[PDB]
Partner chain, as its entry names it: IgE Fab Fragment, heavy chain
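To begin, one chain is listed below as structure tokens, in the form solved without the partner chain.
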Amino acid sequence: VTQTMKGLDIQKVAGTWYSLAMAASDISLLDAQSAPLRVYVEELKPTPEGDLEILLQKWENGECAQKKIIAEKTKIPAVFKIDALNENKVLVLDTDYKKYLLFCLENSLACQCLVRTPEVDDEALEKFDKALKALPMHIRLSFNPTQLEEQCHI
């Protein structure tokens, strides 16, 4: 992944987002509702110090669970780390702050098209697809407005 947002202002990604589309390098990362990177973003909360708290929903053990994870800043504004047994990088590819944000998680790769509202933004989906066409994605999902307003997009 060699697309990152230049001049990212992480404070300006604060607030509500919708996981309109997702893609991953391996089918098994996204196939089932309980697949590992089937995560539905709810809210981004940048801290003062420029870390990024993330609220998301994740289907585990037969229900839609709310999770809170912190992505810690690096020396690159568009790149954050998530603390685990494995170090995973969050990369912000592109955003206009007021409509869409594209990001990928890499250790194997999953990316999403976030939008501010429960609407299919064809423009943002086009940019999503263009950013992905370089990458080895083998599964892509997208959600309708009804699904976007349900917990875990059921």
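Residue numbers count along the first chain shown, from 1.
Form deposited with the partner chain bound: not shown, discussed below.
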Q. At the 4.5 Å heavy atom threshold, is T47 in contact with the partner chain in the deposited bound form?
A. no
Q | Touches the partner chain in the deposited bound form: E119 (any heavy atom, 4.5 Å) | A | yes
Q.
Within 4.5 Å, heavy atoms only: does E123 come near the partner chain in the deposited bound form?
A. no
Q. Even though the partner chain is not shown here, does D51 get within 4.5 Å of it in the deposited bound form, heavy atoms only?
A. no
Q | Within 3-28, the residues that have a heavy atom no more than 4.5 Å from the partner chain in the deposited bound form | A | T16, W17, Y18
